[PDB]
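For reference, data.txt (compact mmCIF, C-alpha atoms and all ligand atoms):
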```txt
# COMPACT_ATOMS: atom_id res chain seq x y z
CA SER A 14 -12.30 31.66 119.21
CA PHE A 15 -11.84 34.00 116.24
CA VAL A 16 -11.02 37.04 118.37
CA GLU A 17 -7.35 36.06 118.23
CA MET A 18 -7.48 35.80 114.43
CA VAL A 19 -8.86 39.32 114.09
CA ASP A 20 -6.44 41.86 112.62
CA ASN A 21 -3.87 39.25 111.58
CA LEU A 22 -3.27 40.82 108.16
CA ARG A 23 -1.00 43.72 107.19
CA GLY A 24 0.02 45.35 103.93
CA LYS A 25 0.88 48.41 101.86
CA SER A 26 -1.39 49.92 99.20
CA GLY A 27 -0.90 48.08 95.92
CA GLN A 28 1.42 45.54 97.52
CA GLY A 29 -1.02 42.95 98.80
CA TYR A 30 -2.13 41.69 102.21
CA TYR A 31 0.06 39.29 104.16
CA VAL A 32 -0.24 37.03 107.19
CA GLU A 33 2.49 35.73 109.49
CA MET A 34 3.31 32.06 109.06
CA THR A 35 6.01 29.73 110.31
CA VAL A 36 7.71 26.96 108.37
CA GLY A 37 10.01 24.25 109.64
CA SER A 38 11.24 22.92 112.98
CA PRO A 39 12.12 24.91 114.88
CA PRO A 40 9.64 27.35 113.32
CA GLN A 41 10.97 30.05 111.00
CA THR A 42 8.76 33.13 110.83
CA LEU A 43 7.87 34.61 107.44
CA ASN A 44 5.24 37.05 106.15
CA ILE A 45 3.18 35.48 103.37
CA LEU A 46 0.93 37.11 100.74
CA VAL A 47 -2.67 35.87 100.93
CA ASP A 48 -3.80 35.05 97.38
CA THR A 49 -7.13 33.47 96.42
CA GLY A 50 -6.06 33.73 92.79
CA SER A 51 -3.51 30.89 92.86
CA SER A 52 -2.95 27.51 94.49
CA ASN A 53 0.78 27.22 95.25
CA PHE A 54 2.37 27.85 98.64
CA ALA A 55 5.81 29.27 97.89
CA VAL A 56 8.45 31.05 99.97
CA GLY A 57 11.72 32.77 99.22
CA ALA A 58 14.44 30.24 100.02
CA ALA A 59 17.55 32.00 98.71
CA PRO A 60 19.02 35.51 99.04
CA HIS A 61 17.28 38.20 96.99
CA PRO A 62 17.85 41.97 97.05
CA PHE A 63 14.23 42.50 98.10
CA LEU A 64 14.15 39.82 100.82
CA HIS A 65 15.36 40.70 104.31
CA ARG A 66 14.85 37.10 105.41
CA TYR A 67 14.04 33.76 103.78
CA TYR A 68 13.28 30.08 104.36
CA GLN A 69 16.43 28.18 105.30
CA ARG A 70 15.70 24.53 104.61
CA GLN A 71 19.01 23.32 106.04
CA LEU A 72 17.90 24.60 109.45
CA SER A 73 14.66 22.60 109.53
CA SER A 74 14.87 19.03 110.81
CA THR A 75 11.40 18.29 109.43
CA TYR A 76 12.03 19.47 105.87
CA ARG A 77 11.72 16.84 103.14
CA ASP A 78 12.97 17.49 99.60
CA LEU A 79 10.55 16.18 96.96
CA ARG A 80 13.28 16.31 94.31
CA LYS A 81 10.94 17.98 91.83
CA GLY A 82 11.20 21.40 90.22
CA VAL A 83 8.35 23.89 89.93
CA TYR A 84 7.67 27.04 87.94
CA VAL A 85 4.79 29.50 88.25
CA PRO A 86 4.19 32.33 85.74
CA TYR A 87 1.66 34.86 87.01
CA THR A 88 0.14 37.60 84.84
CA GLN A 89 2.90 39.77 86.27
CA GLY A 90 5.88 38.15 87.95
CA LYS A 91 7.22 34.60 87.99
CA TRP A 92 9.40 32.33 90.08
CA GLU A 93 11.18 29.00 89.87
CA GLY A 94 11.99 26.74 92.78
CA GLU A 95 12.21 23.29 94.30
CA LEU A 96 9.33 21.35 95.83
CA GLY A 97 9.38 19.87 99.31
CA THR A 98 7.23 19.41 102.41
CA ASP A 99 7.57 20.79 105.92
CA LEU A 100 5.51 21.72 108.96
CA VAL A 101 3.54 24.94 108.68
CA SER A 102 1.67 26.99 111.29
CA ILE A 103 -0.24 30.26 111.32
CA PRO A 104 0.58 31.94 114.66
CA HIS A 105 -2.44 34.24 114.56
CA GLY A 106 -4.67 31.72 112.83
CA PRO A 107 -5.98 28.27 113.85
CA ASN A 108 -4.04 26.58 116.65
CA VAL A 109 -2.81 23.75 114.43
CA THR A 110 0.29 22.56 112.60
CA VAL A 111 0.14 20.79 109.26
CA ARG A 112 2.58 19.20 106.85
CA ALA A 113 2.16 20.88 103.49
CA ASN A 114 3.74 21.25 100.09
CA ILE A 115 6.14 24.19 99.93
CA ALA A 116 7.86 25.51 96.83
CA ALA A 117 11.28 26.84 97.84
CA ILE A 118 11.80 29.82 95.53
CA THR A 119 15.37 29.93 94.22
CA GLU A 120 14.99 32.19 91.18
CA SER A 121 12.40 34.88 90.44
CA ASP A 122 11.58 37.76 88.10
CA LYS A 123 9.44 40.74 89.16
CA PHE A 124 7.83 38.62 91.88
CA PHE A 125 9.15 40.15 95.09
CA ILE A 126 8.42 43.84 95.71
CA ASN A 127 11.06 46.21 97.08
CA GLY A 128 9.83 47.01 100.58
CA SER A 129 6.66 44.90 100.60
CA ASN A 130 7.57 43.08 103.82
CA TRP A 131 6.39 39.68 102.59
CA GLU A 132 8.59 36.77 101.57
CA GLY A 133 6.18 34.25 100.13
CA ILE A 134 2.72 33.55 98.75
CA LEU A 135 -0.15 31.40 99.99
CA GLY A 136 -2.34 30.29 97.10
CA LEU A 137 -5.78 29.51 98.53
CA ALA A 138 -7.56 28.31 95.37
CA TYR A 139 -8.01 24.73 94.15
CA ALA A 140 -5.63 22.03 92.94
CA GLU A 141 -6.87 22.41 89.36
CA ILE A 142 -4.59 25.42 88.81
CA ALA A 143 -1.62 24.31 90.93
CA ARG A 144 1.78 23.96 89.26
CA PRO A 145 3.49 21.86 88.11
CA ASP A 146 0.10 20.14 87.91
CA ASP A 147 -3.11 19.42 89.78
CA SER A 148 -1.58 16.57 91.77
CA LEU A 149 0.17 19.07 94.06
CA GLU A 150 -2.20 19.38 97.04
CA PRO A 151 -2.74 23.04 98.00
CA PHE A 152 -2.21 24.27 101.55
CA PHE A 153 -5.86 24.71 102.48
CA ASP A 154 -6.72 21.23 101.25
CA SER A 155 -3.95 19.85 103.47
CA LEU A 156 -5.14 21.93 106.42
CA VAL A 157 -8.70 20.64 106.16
CA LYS A 158 -7.51 17.07 105.61
CA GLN A 159 -5.11 17.05 108.54
CA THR A 160 -7.15 19.02 111.08
CA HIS A 161 -10.79 19.35 112.14
CA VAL A 162 -10.97 22.88 110.73
CA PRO A 163 -14.20 23.46 108.76
CA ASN A 164 -13.75 23.83 104.99
CA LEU A 165 -14.05 27.59 104.66
CA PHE A 166 -12.29 30.85 105.36
CA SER A 167 -13.10 34.54 105.23
CA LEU A 168 -11.15 37.65 104.36
CA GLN A 169 -11.69 41.18 105.61
CA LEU A 170 -9.25 43.35 103.69
CA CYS A 171 -9.20 46.95 104.87
CA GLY A 172 -8.03 50.01 102.96
CA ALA A 173 -5.50 52.53 104.24
CA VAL A 186 -3.51 48.65 105.43
CA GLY A 187 -4.68 45.68 107.48
CA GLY A 188 -7.50 43.21 107.95
CA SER A 189 -8.38 39.69 109.06
CA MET A 190 -8.21 36.21 107.64
CA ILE A 191 -10.51 33.93 109.63
CA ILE A 192 -10.07 30.20 109.04
CA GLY A 193 -12.78 27.70 109.80
CA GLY A 194 -15.75 29.92 110.52
CA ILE A 195 -17.60 33.21 110.13
CA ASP A 196 -16.88 36.15 112.43
CA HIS A 197 -20.09 38.16 112.73
CA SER A 198 -18.16 40.94 114.45
CA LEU A 199 -16.48 41.73 111.14
CA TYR A 200 -19.64 42.57 109.20
CA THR A 201 -23.07 44.20 109.38
CA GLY A 202 -26.29 43.68 107.45
CA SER A 203 -26.93 40.57 105.37
CA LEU A 204 -24.45 38.11 103.84
CA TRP A 205 -25.27 37.51 100.17
CA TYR A 206 -23.96 34.41 98.38
CA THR A 207 -22.95 33.82 94.78
CA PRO A 208 -22.30 30.24 93.58
CA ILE A 209 -18.80 29.11 92.72
CA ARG A 210 -19.36 28.19 89.08
CA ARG A 211 -16.44 25.77 88.96
CA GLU A 212 -13.78 24.95 91.55
CA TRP A 213 -10.42 25.88 90.09
CA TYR A 214 -10.08 29.58 90.54
CA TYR A 215 -12.85 30.95 92.72
CA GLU A 216 -14.92 31.52 89.60
CA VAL A 217 -18.15 33.53 89.84
CA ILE A 218 -20.65 35.08 87.44
CA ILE A 219 -21.37 38.80 86.98
CA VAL A 220 -24.84 39.40 85.53
CA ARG A 221 -24.96 43.20 85.31
CA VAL A 222 -22.70 46.22 85.66
CA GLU A 223 -23.77 49.81 86.40
CA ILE A 224 -21.84 53.06 86.64
CA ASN A 225 -23.73 55.56 88.81
CA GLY A 226 -26.82 53.42 88.33
CA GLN A 227 -26.61 53.40 84.54
CA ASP A 228 -26.54 49.93 82.98
CA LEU A 229 -23.60 49.24 80.65
CA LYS A 230 -26.16 47.30 78.59
CA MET A 231 -23.79 44.61 77.34
CA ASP A 232 -24.61 40.97 76.79
CA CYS A 233 -23.84 39.75 80.29
CA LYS A 234 -21.53 37.02 78.98
CA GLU A 235 -19.13 39.79 77.97
CA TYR A 236 -18.69 40.54 81.69
CA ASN A 237 -17.36 37.01 82.19
CA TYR A 238 -15.21 36.62 79.08
CA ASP A 239 -13.64 34.24 79.49
CA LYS A 240 -14.08 33.82 83.25
CA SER A 241 -14.63 36.02 86.29
CA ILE A 242 -12.72 35.29 89.51
CA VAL A 243 -12.29 36.61 93.06
CA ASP A 244 -8.56 37.23 93.54
CA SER A 245 -7.13 38.72 96.74
CA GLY A 246 -3.58 38.70 95.42
CA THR A 247 -4.45 41.11 92.60
CA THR A 248 -4.72 44.80 93.44
CA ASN A 249 -7.03 45.98 90.67
CA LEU A 250 -10.45 45.34 89.32
CA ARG A 251 -9.49 43.94 85.91
CA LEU A 252 -12.09 43.90 83.15
CA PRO A 253 -12.30 42.31 79.67
CA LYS A 254 -11.19 44.75 76.97
CA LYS A 255 -14.69 45.52 75.72
CA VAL A 256 -16.08 46.07 79.22
CA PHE A 257 -13.05 48.08 80.35
CA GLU A 258 -13.29 50.51 77.44
CA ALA A 259 -16.99 51.10 78.06
CA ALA A 260 -16.58 51.51 81.82
CA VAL A 261 -13.73 54.01 81.36
CA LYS A 262 -15.86 56.01 78.92
CA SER A 263 -18.75 55.97 81.39
CA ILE A 264 -16.49 57.02 84.25
CA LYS A 265 -14.86 59.74 82.14
CA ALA A 266 -18.29 61.18 81.36
CA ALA A 267 -19.07 61.43 85.08
CA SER A 268 -15.80 63.15 85.97
CA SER A 269 -15.88 65.37 82.88
CA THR A 270 -15.49 68.53 84.96
CA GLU A 271 -11.86 67.62 85.63
CA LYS A 272 -9.32 66.55 83.03
CA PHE A 273 -6.64 63.97 83.78
CA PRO A 274 -3.45 62.80 82.01
CA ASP A 275 -4.05 60.38 79.14
CA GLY A 276 -1.94 57.79 80.93
CA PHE A 277 -4.10 57.96 84.06
CA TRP A 278 -6.88 55.82 82.61
CA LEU A 279 -4.16 53.45 81.44
CA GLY A 280 -2.83 53.12 84.97
CA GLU A 281 0.44 54.64 83.77
CA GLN A 282 -0.13 58.05 85.36
CA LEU A 283 -1.05 59.13 88.88
CA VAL A 284 -3.49 61.91 89.66
CA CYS A 285 -2.72 64.15 92.62
CA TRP A 286 -4.69 66.76 94.51
CA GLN A 287 -3.61 69.13 97.27
CA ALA A 288 -3.63 67.23 100.57
CA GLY A 289 -7.19 66.61 101.72
CA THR A 290 -8.90 68.13 98.67
CA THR A 291 -9.66 65.00 96.66
CA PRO A 292 -13.02 65.59 94.88
CA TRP A 293 -14.50 62.15 95.60
CA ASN A 294 -18.01 63.34 94.75
CA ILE A 295 -17.26 63.93 91.06
CA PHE A 296 -16.46 60.23 90.58
CA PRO A 297 -19.26 57.65 90.06
CA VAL A 298 -19.99 54.52 92.07
CA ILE A 299 -19.65 51.18 90.31
CA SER A 300 -22.09 48.35 90.96
CA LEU A 301 -21.38 44.72 90.11
CA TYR A 302 -24.39 42.44 90.20
CA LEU A 303 -23.45 38.87 91.06
CA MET A 304 -25.45 35.76 90.28
CA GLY A 305 -27.54 34.71 93.27
CA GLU A 306 -28.25 31.25 94.66
CA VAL A 307 -31.83 31.37 93.36
CA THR A 308 -33.00 31.31 89.73
CA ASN A 309 -32.71 34.72 88.05
CA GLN A 310 -31.96 36.47 91.34
CA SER A 311 -28.83 38.54 91.93
CA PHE A 312 -27.36 40.96 94.46
CA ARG A 313 -25.12 43.94 93.88
CA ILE A 314 -21.93 45.14 95.49
CA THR A 315 -21.29 48.84 95.13
CA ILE A 316 -17.77 50.24 94.93
CA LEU A 317 -16.85 53.86 95.72
CA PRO A 318 -14.05 55.93 94.19
CA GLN A 319 -12.22 55.65 97.52
CA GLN A 320 -11.80 52.02 96.46
CA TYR A 321 -10.99 52.22 92.75
CA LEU A 322 -8.81 55.30 93.03
CA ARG A 323 -6.13 53.82 95.24
CA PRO A 324 -3.76 55.96 97.31
CA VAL A 325 -0.05 55.59 96.52
CA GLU A 326 2.25 55.24 99.53
CA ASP A 327 5.58 56.18 97.94
CA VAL A 328 7.26 58.81 100.11
CA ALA A 329 8.46 60.57 96.96
CA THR A 330 4.85 61.49 96.11
CA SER A 331 3.78 62.39 99.65
CA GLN A 332 3.61 66.17 99.28
CA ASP A 333 0.13 65.80 97.80
CA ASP A 334 -2.48 63.04 97.84
CA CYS A 335 -1.84 60.97 94.74
CA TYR A 336 -3.93 58.10 93.45
CA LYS A 337 -3.63 55.42 90.80
CA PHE A 338 -6.62 54.27 88.73
CA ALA A 339 -7.14 50.75 90.06
CA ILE A 340 -9.24 49.45 87.18
CA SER A 341 -7.36 47.95 84.25
CA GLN A 342 -7.78 45.89 81.10
CA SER A 343 -7.60 42.10 81.15
CA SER A 344 -7.17 39.54 78.38
CA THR A 345 -7.86 36.62 80.72
CA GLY A 346 -11.24 37.52 82.19
CA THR A 347 -12.60 39.65 85.00
CA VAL A 348 -10.51 39.80 88.14
CA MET A 349 -12.22 41.09 91.26
CA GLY A 350 -9.10 42.01 93.18
CA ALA A 351 -8.35 43.72 96.48
CA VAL A 352 -9.95 47.07 95.65
CA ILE A 353 -13.21 45.19 95.11
CA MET A 354 -12.76 43.11 98.26
CA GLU A 355 -11.72 45.99 100.52
CA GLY A 356 -14.51 47.07 102.84
CA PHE A 357 -16.40 43.81 102.39
CA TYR A 358 -16.42 40.70 104.51
CA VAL A 359 -15.85 37.96 101.95
CA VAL A 360 -16.61 34.37 102.87
CA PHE A 361 -15.04 31.63 100.78
CA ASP A 362 -17.52 28.90 101.69
CA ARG A 363 -15.79 25.95 100.06
CA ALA A 364 -18.00 23.43 101.86
CA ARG A 365 -21.09 24.86 100.14
CA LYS A 366 -19.32 25.95 96.94
CA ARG A 367 -20.29 29.60 97.28
CA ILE A 368 -18.78 32.99 98.11
CA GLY A 369 -20.51 35.41 100.44
CA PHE A 370 -20.32 39.20 100.57
CA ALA A 371 -21.34 41.51 103.41
CA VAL A 372 -20.48 45.07 104.42
CA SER A 373 -17.49 44.87 106.75
CA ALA A 374 -16.72 47.00 109.79
CA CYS A 375 -13.99 48.72 107.79
CA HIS A 376 -16.24 49.41 104.81
CA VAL A 377 -15.67 52.49 102.67
CA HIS A 378 -18.06 55.42 103.06
CA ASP A 379 -18.30 59.17 103.28
CA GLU A 380 -21.20 61.40 104.31
CA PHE A 381 -23.16 60.92 101.08
CA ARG A 382 -22.30 57.43 99.83
CA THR A 383 -21.30 54.03 101.14
CA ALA A 384 -20.06 50.69 99.85
CA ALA A 385 -23.02 48.33 99.98
CA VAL A 386 -24.25 44.80 99.40
CA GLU A 387 -27.89 44.88 98.33
CA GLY A 388 -30.54 42.48 97.07
CA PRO A 389 -32.47 40.68 95.81
CA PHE A 390 -32.63 41.96 92.26
CA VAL A 391 -34.59 40.01 89.67
CA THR A 392 -34.33 39.64 85.90
CA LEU A 393 -36.83 38.36 83.34
CA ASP A 394 -34.07 37.38 80.91
CA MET A 395 -33.45 33.64 80.63
CA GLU A 396 -29.86 33.88 79.38
CA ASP A 397 -27.19 32.43 81.64
CA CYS A 398 -24.26 34.82 81.89
CA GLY A 399 -21.49 32.26 82.09
CA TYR A 400 -19.07 32.23 79.18
CA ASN A 401 -18.63 29.00 77.21
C1 LIG B 1 -2.71 29.86 88.49
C2 LIG B 1 -1.53 30.79 88.03
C3 LIG B 1 -0.63 29.96 87.05
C4 LIG B 1 -0.66 31.07 89.29
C5 LIG B 1 -2.07 32.12 87.40
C6 LIG B 1 -1.58 32.72 86.19
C7 LIG B 1 -2.12 33.93 85.69
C8 LIG B 1 -3.17 34.59 86.39
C9 LIG B 1 -3.67 34.02 87.59
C10 LIG B 1 -4.80 34.69 88.39
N1 LIG B 1 -4.26 35.14 89.70
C11 LIG B 1 -3.11 36.08 89.78
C12 LIG B 1 -3.40 37.44 89.09
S1 LIG B 1 -1.89 38.40 89.02
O1 LIG B 1 -0.88 37.65 88.29
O2 LIG B 1 -2.21 39.75 88.62
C13 LIG B 1 -1.45 38.46 90.76
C14 LIG B 1 -1.21 37.02 91.32
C15 LIG B 1 -0.63 37.06 92.78
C16 LIG B 1 0.67 37.87 92.85
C17 LIG B 1 1.87 37.39 92.24
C18 LIG B 1 3.07 38.15 92.29
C19 LIG B 1 3.04 39.39 92.97
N2 LIG B 1 4.02 40.29 93.16
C20 LIG B 1 3.59 41.32 93.85
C21 LIG B 1 2.29 41.17 94.17
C22 LIG B 1 1.42 42.12 94.95
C23 LIG B 1 0.24 42.65 94.11
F1 LIG B 1 -0.75 43.08 94.94
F2 LIG B 1 0.64 43.66 93.30
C24 LIG B 1 1.86 39.85 93.58
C25 LIG B 1 0.66 39.11 93.54
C26 LIG B 1 -2.53 36.18 91.23
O3 LIG B 1 -2.26 34.84 91.67
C27 LIG B 1 -3.12 32.81 88.06
```
Can the structure from this file be put into structure tokens for me?
Amino acid sequence: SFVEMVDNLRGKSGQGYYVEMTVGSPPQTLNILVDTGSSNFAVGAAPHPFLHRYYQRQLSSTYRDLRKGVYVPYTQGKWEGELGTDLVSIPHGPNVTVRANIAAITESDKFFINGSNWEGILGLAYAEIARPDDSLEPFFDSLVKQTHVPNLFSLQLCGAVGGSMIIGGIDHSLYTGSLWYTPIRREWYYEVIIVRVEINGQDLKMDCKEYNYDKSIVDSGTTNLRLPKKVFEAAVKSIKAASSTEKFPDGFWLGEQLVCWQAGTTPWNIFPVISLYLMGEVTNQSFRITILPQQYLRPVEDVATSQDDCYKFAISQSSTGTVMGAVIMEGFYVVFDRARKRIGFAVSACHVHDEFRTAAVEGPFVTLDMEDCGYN
């Protein structure tokens, strides 16, 4: 039964997608950010100006202190805390309880968001990137070990937000058309390989290893599509050329300035689609996912800006590889098939579209080139 797991995610634009979890005995309810880009389960466990509730260890009779400190520095934001174990459940997920590692966050810097409505983070990637080191078993590994739940999960993130995390199986009600799979190159992040990028159907014509310098990952905790410097600059130039009819603030393309139009007058049609071709499961085959401006120009929720419709450019520069974040994942049904070491993409029920264009997953595409596109 996955019907009860449907629509178990909530969120605000730019502030991630969260699921309700409980920790401790008796259970304490907390909202937890779903993040495929990390591997630590961590919850606020001390007062913070931006937390309206937190994990109170002294009130759980099943809490065990591991007497070990832990620190996680993200690209933006960091926290410090104390490791322990306790019982964890997902009320609107699988009907199981597991004992898992939990980092009790005691200090933090730019981690919690004012008004985000979540109080913790669930890192769904592999032990390789867990802190303090890879010996700290991640939540999903514990869940599979301790229960009969199949080793996979899927995410349907929906734009303005909500969505579904389905654990243990595939919900065919959440997508249409074909599911296309790209291999997980290595299990640490969910690392994948991009073999080609097009803007409105025009090839960026780079050596395809540049697209994966120095890795490409699928990362639900990150809002933006992040691209390696060289690829970012070229994509921005290509996108600028398409939307040349309208001029925008210099800081817009830097993600430092919003662009606003009168309510309901956003000129979506002047902006190009972006296609990412992902390595297929068969030699020299790929498939493409196509992203509309409704995805990469993300609406800002702030009430202060609500007189018009304002958007932030949700593509940004990366020094640590490509990050296919939420704006890439939104509208797609994304299957993290850990058992078969692959990630699947299909058009979801909440996929982005207007009358002329639609987000799509299409294939196969074939290349004569014999160069692998993985970096290093
Ligand atoms: C493995 C680890 C050491 C955690 C690490 C270090 C650098 C980069 C990564 C890749 N994954 C990262 C990329 S990121 O830092 O942009 C967002 C991060 C999750 C994260 C962390 C704090 C956060 N605070 C607010 C948000 C909401 C977000 F949507 F803006 C948020 C999301 C991912 O988890 C992992």
Chain A residues near ligand LIG 1 (chain B) within 8 Å, closest pair each, using all atoms listed in the file, as a tab-separated table:
```
residue	atom	partner	partner_atom	distance
A:27	CA	B:LIG1	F1	5.1
A:28	CA	B:LIG1	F1	4.2
A:29	CA	B:LIG1	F1	3.9
A:30	CA	B:LIG1	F1	7.5
A:46	CA	B:LIG1	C25	7.5
A:48	CA	B:LIG1	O3	5.9
A:49	CA	B:LIG1	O3	6.9
A:50	CA	B:LIG1	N1	3.8
A:51	CA	B:LIG1	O3	4.3
A:52	CA	B:LIG1	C1	6.4
A:53	CA	B:LIG1	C4	7.2
A:85	CA	B:LIG1	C3	5.6
A:86	CA	B:LIG1	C3	5.5
A:87	CA	B:LIG1	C6	4.0
A:88	CA	B:LIG1	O1	3.6
A:89	CA	B:LIG1	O1	4.8
A:90	CA	B:LIG1	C18	5.2
A:91	CA	B:LIG1	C18	7.0
A:123	CA	B:LIG1	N2	6.8
A:124	CA	B:LIG1	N2	4.4
A:125	CA	B:LIG1	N2	5.5
A:126	CA	B:LIG1	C20	5.8
A:134	CA	B:LIG1	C16	7.6
A:136	CA	B:LIG1	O3	7.1
A:142	CA	B:LIG1	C1	4.8
A:143	CA	B:LIG1	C1	6.2
A:144	CA	B:LIG1	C3	6.8
A:214	CA	B:LIG1	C1	7.7
A:244	CA	B:LIG1	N1	6.1
A:245	CA	B:LIG1	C26	7.6
A:246	CA	B:LIG1	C15	4.3
A:247	CA	B:LIG1	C13	4.4
A:248	CA	B:LIG1	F1	4.6
A:345	CA	B:LIG1	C8	7.6
A:348	CA	B:LIG1	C12	7.6
A:351	CA	B:LIG1	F1	7.8
```
- Task: Have a look at A:96, A:186, A:19, A:316 and name the one nearest to residue 116 (chain A); count all atoms listed in the file.
- Result: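 Nearest candidate to residue 116 (chain A) out of A:96, A:186, A:19, A:316: A:96.
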- Taking all atoms listed in the file into account, which of A:307, A:288, A:301, A:36 comes nearest residue 331 (chain A)? A:288
- Between CA of residue 397 (chain A) and CA of residue 237 (chain A), measure the distance and give it in Å to one decimal. 10.9 Å
- Query: Which residues, written as a PyMOL selection string, have at least one atom at most 8 Å from residue 141 (chain A), with all atoms listed in the file counted and residues fewer than 5 positions away on the same chain left out?
  - Reply: chain A and resi 146-147+212-214
- Item | Nearest candidate to residue 270 (chain A) (options A:295, A:375, A:231, A:256; using only C-alpha atoms) |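 Ranking A:295, A:375, A:231, A:256 by distance to residue 270 (chain A), first place goes to A:295.
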- Query: Leaving out residue 106 (chain A) and any residue of its chain fewer than 3 positions from it, which residues lie within 9 Å of it when counting only C-alpha atoms, given as an NGL selection string?
  - Reply: :A and (15 or 17-19 or 21 or 32-34 or 102-103 or 109 or 190-192)
- Query: CA of residue 228 (chain A) and CA of residue 298 (chain A) are how many Å apart?
  - Reply: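 Separation between CA of residue 228 (chain A) and CA of residue 298 (chain A): 12.1 Å.
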- Query: Quick one: residues within 9 Å of residue 285 (chain A), all atoms listed in the file counted, chain neighbours fewer than 5 positions away excluded, as a PyMOL selection string?
  - Reply: chain A and resi 291+330+333-337
Export of the given selection (C-alpha atoms) as a PDB file, in the frame of the given file:
```
ATOM      1  CA  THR A 291      -9.660  65.000  96.660  1.00  0.00           C
ATOM      2  CA  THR A 330       4.850  61.490  96.110  1.00  0.00           C
ATOM      3  CA  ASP A 333       0.130  65.800  97.800  1.00  0.00           C
ATOM      4  CA  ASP A 334      -2.480  63.040  97.840  1.00  0.00           C
ATOM      5  CA  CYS A 335      -1.840  60.970  94.740  1.00  0.00           C
ATOM      6  CA  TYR A 336      -3.930  58.100  93.450  1.00  0.00           C
ATOM      7  CA  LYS A 337      -3.630  55.420  90.800  1.00  0.00           C
TER       8      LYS A 337
END
```
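Proximity of A:171, A:37, A:101, A:83 to residue 70 (chain A), computed with all atoms listed in the file, is greatest for A:37.
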- Message: Excluding region 54-68 of chain A and its own-chain neighbours fewer than 6 positions away, which residues fall within 9 Å of it when counting all atoms listed in the file? Please give them as a ChimeraX atom specification.
- Response: /A:36-37,41-43,45,94,96,113-121,125-137,151-152
- Message: Given all atoms listed in the file as the basis, pick out the residue of A:97, A:47, A:39, A:240 nearest to residue 74 (chain A).
- Response: A:39
- Between CA of residue 225 (chain A) and CA of residue 267 (chain A), measure the distance and give it in Å to one decimal.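 Separating CA of residue 225 (chain A) from CA of residue 267 (chain A) is a distance of 8.4 Å.
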- Query: Neighbours of residue 396 (chain A) within 9 Å (only C-alpha atoms; same-chain residues fewer than 3 positions away dropped), as a ChimeraX atom specification?
  - Reply: /A:233-234,399
Give me the region 273-368 of chain A side of the contact with region 389-395 of chain A, cut-off 12 Å, one line per residue showing its nearest atom pair and distance in Å at one decimal, counting all atoms listed in the file, sorted by chain and residue number, as CSV.
```
residue,atom,partner,partner_atom,distance
A:301,CA,A:390,CA,11.8
A:302,CA,A:390,CA,8.5
A:303,CA,A:390,CA,9.8
A:304,CA,A:390,CA,9.7
A:305,CA,A:389,CA,8.1
A:306,CA,A:389,CA,10.4
A:307,CA,A:389,CA,9.6
A:308,CA,A:391,CA,8.8
A:309,CA,A:392,CA,5.6
A:310,CA,A:391,CA,4.7
A:311,CA,A:390,CA,5.1
A:312,CA,A:389,CA,5.3
A:313,CA,A:390,CA,7.9
A:314,CA,A:389,CA,11.4
```
- Task: Find, counting only C-alpha atoms, the residue in A:373, A:241, A:14, A:268 that gets nearest to residue 344 (chain A).
- Result: A:241
